[PDB]
Every structure is written in C-alpha cells, then in structure tokens.
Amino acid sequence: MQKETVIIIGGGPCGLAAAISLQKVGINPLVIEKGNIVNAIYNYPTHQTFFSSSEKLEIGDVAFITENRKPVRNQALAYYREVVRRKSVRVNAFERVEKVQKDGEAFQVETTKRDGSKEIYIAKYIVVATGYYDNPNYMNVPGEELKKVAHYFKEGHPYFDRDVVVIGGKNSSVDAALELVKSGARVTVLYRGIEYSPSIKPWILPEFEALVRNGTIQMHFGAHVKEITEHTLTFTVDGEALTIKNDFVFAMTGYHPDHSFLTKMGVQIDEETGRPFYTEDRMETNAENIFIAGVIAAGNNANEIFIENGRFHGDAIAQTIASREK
C-alpha cells in the first residue's frame, strides 16, 4: 500500500493551509478530499458574500486582493485554486476517507475512490481537517425527508411566487430569507429563539428587521416545527400549533462535526464543552500523532473557529511533526 509521511483528511481552507505549513518545513503531505478543493465554499449559495475581508482568508502568503471590501464565493474559489496551483499542494480529489486505524507506529487509512474502488495508505501522522458542513442538524420531524425540504441554500430564483419557510435564526437563515424576498417568494421565518439572534451581522440586521416589522417577512419567534407535508407546515409557539400553507422549506438549522469519525480513531471528546481533546500549541489530539485543523476543533459553539483563525492550526502541526522528523 502507498506510504505517506502525513495524510491530511479534507481539502478545505484549513487543510490546505496545513499542507503548505508542512511544505515550509520540508514535508510534502497528501491531502485526501472527497470532492474537489474547498468543497464547502463550492457548496455556498451561488452569490454568497463572505463576512471576512479577503486578507483574512489568505493562506500560504498568497495575496487575495479584491476591489470590493468583502469577497464573494466565486472570488474565493478562484483564489484557492490559484493557491493550490502555485504551491503544488498534493490533492487526491474525489476520494473519501472511510477509516483510520493504528498499525504499529503508523496508521492505515482506507478510502473509496470516485469509481467505487477501495484504496489503503500507510501514514506516520494524520491531520483531520474535515469541517462540519457535511452534517446538518436534522430536526427529526415528519416530512423533513420530502424533496421540498433542504438543509442548504443555493439560489432564490426558482422560488418565485412560492410559499417558502426558512427555519433558523442565524446568518444563514437571514441571508436565505433576504435572497428569497428579492426573488419574489413569500417568506416565513421560524426560529426557536425568542428574539433576534445576537449573531446576525450588524450590517444585515437592519434590512431584515425592517422587513419583519412591516410584515413582509412573516416571523415566528419561539417556534418549534412539528410537521411538514407537501402543501403545509405545522409549528408550535408556547405549545399552541399553527398550520400554514407551504411549498418549500429551507431548514437552516446549522451543522455539527462528525465526532464518531474522531472517536473511532482514538480521539476523545470533552463533554460539556463539545471539543475534541487537544493541546493548542501542537494542535495534537489525545491520540498520539493524530492532529486536527480547522472547525473540526470547535466545541458546542460551532462559530468559535472559522477561516481567519483556523488557517493557523497547521503552523503548530508542522512545527511538531518537523521536530519529530519522519
């Protein structure tokens, strides 16, 4: 089987950052990515604007210069392609890592390639950089399985003249709602919190709150969805149910990390905090030679880590592996 010094699981911004940090200390690691690079950004809404200035998304010292103050999805996609090209990062794309298990003082890494075939690698060190956008916080309500329900937003156009519910109260729900209004949908927002979430970016709240206050966006605080049918949706507020006409649902209920992936390879999870155990100055978990990078290191507050700070995890990893040599 194929031997690697380091395998990085995940080719998002923070896994790519860790690859480059390792290159700078003389190790050219293998990134294994189930889609192509920055798959999460590719799966952002088509016209998404970042909240970070573009300088704060830079990795590998490659300049990310923009004429506007904040970049959009397609600009970031172009940037990270150029980073990977200029730095010759090694990416095995369309390859899903299935399992990581101890094998002596190394690790066997089993994968599934695009055509369905299996592959096994031996690696001395592992960087888990898998993020969490693959794992929606499902509601587990009847009808959530219908095709009219989605946990990702792409574009508003096809919801023109339709009745649409957005579930959630954070920026993904506000962004989808505003795009849906612009596209001519009739929008209802349902949110379990009792007031506007303090996480809504201060430059987006004014427009959203104004559309709520004048009734353009119907908004139910303290709402808990109970049922989704093809043409209706039922929710409760203070235990009293309301049923509304509904064509499509965007369940913008957040995401969670796949901790079963970590625990199966020896990494412990800290209850109450929800973080994997790691030592910050190495970004090494409790499992020797298993490191983490990016938002996979966050706890119950999934917003602790983003690109601006997660892009530096690879620096501590590279310093540690370099000192240990191969």
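A residue's number is simply how far along the shown sequence it sits, counting from 1.
- Of the two stretches examined, 97-105 and 188-196, the record assigns the greater average C-alpha temperature factor to 97-105.
- Looking at mean Cα B-factors across 254-262 and 56-64, the upper value is held by 254-262.
- Taking the PDB entry at face value, the top CA B factor among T49, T285, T46, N36 belongs to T285.
- Across the residues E209, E155, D115, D163, the deposited record lists the maximum Cα B factor for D115.
- When all modelled residues of the chain are sorted by CA temperature factor, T243 is found within the middle third.
- Split the chain's modelled residues into thirds by C-alpha temperature factor. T216 is in the lowest one.
- Sort the chain's modelled residues by C-alpha temperature factor and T130 lands in the lowest third, per the entry.
- Per-chain ranking of the deposited C-alpha B factor places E145 in the middle third.
- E110 sits in the highest third of its chain by CA B factor, as recorded in the PDB entry.
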